[PDB]
């Protein structure tokens, strides 16, 4: 019985949700991907020598204009909450997404990873590693730093780690 893991990528506009998801599925960096296009992606893949189907929603735009958002939020098996280390507001807003997930899933905790994207940027970085890690510690969830830019950092690891969390819960 091959399981499906339905994964939902959430976070403020501009943090790199699309770039990360495209890097994962297509192994290329696509800059400035249409900000409002919401795509899902489905593939069989092997993680830690166990096959699964990943059904991934790259969220975009307003929930009230999305055909698929409601079902993915309600039935998702795990979430990536992404912020950009160059956008302090996107970091602050992690709390909004965290609350939203726990409200919709109606649980005290739920599989999720905190993803600090754009760590290839140094001068523009406004959120420190320690700020990210403390937030993850507060929520009792894993923390990972990523870059979707070539060569990508921790992109496969992020999606795989979310699957690992779902399997470990």
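Numbering follows the first chain given and starts at 1.
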Between 12-20 and 148-156, which has the larger average Cα B-factor in the PDB entry?
-> 148-156
Taking only the CA atoms, which stretch has the higher mean B-factor in the record, 55-63 or 118-126?
-> 118-126
Out of 142, 111, 31, 132, residue topping the C-alpha B-factor column of the entry | 31
One of 68, 47, 102, 136 has the largest Cα B-factor in the entry, namely 68
Entry-reported Cα temperature factor of residue 163, expressed as the chain third it lands in = lowest
Tell me, lowest, middle or highest third: where does the Cα B factor of residue 74 rank within its chain?
-> highest
